[PDB]
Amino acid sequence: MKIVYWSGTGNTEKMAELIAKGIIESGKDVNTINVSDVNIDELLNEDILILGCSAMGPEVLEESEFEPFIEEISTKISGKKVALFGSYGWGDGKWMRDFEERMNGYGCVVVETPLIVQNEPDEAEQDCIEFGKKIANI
């Protein structure tokens, strides 16, 4: 499987590692890829797209790298299963509510409730591992 993410300080990156750990513990292989190193064509062969990005301002996906990536794959992901996650700071998840609506609007099937964690996981580490386990059971 593959996990694609963008992280500015490392909070979403840590979540990605924990989600990967959950998938691996379930017995499956998985690679974590930063959005800047992703190959669109290879990513589209995946049964499930696991995408993460922290909340940028004002309550939007990161603009220079992550959003253009979403825009690029938007026309080629209809019918695909997707799992979404990300870290946020002072808001209450608006950027994620919008991200979920958007992916659904492109025809994707959001397989699980998006996982959002405030700042660094730390206290929520097991929740990240558990999210990976749920995805591995799909």
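A residue's number is simply how far along the shown sequence it sits, counting from 1.
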query	finding
Of 86 to 94 and 72 to 80, the stretch whose C-alpha atoms average the higher B-factor in the entry	72 to 80
Stretch with the higher entry mean CA B-factor, where the candidates are 59 to 67 and 36 to 44	36 to 44
Largest Cα B-factor, entry values, listed residues 24, 16, 129, 124	124
Lowest, middle or highest third - CA B-factor, residue 31	highest
Ranked C-alpha temperature factor of residue 113 among modelled chain residues, by third	highest
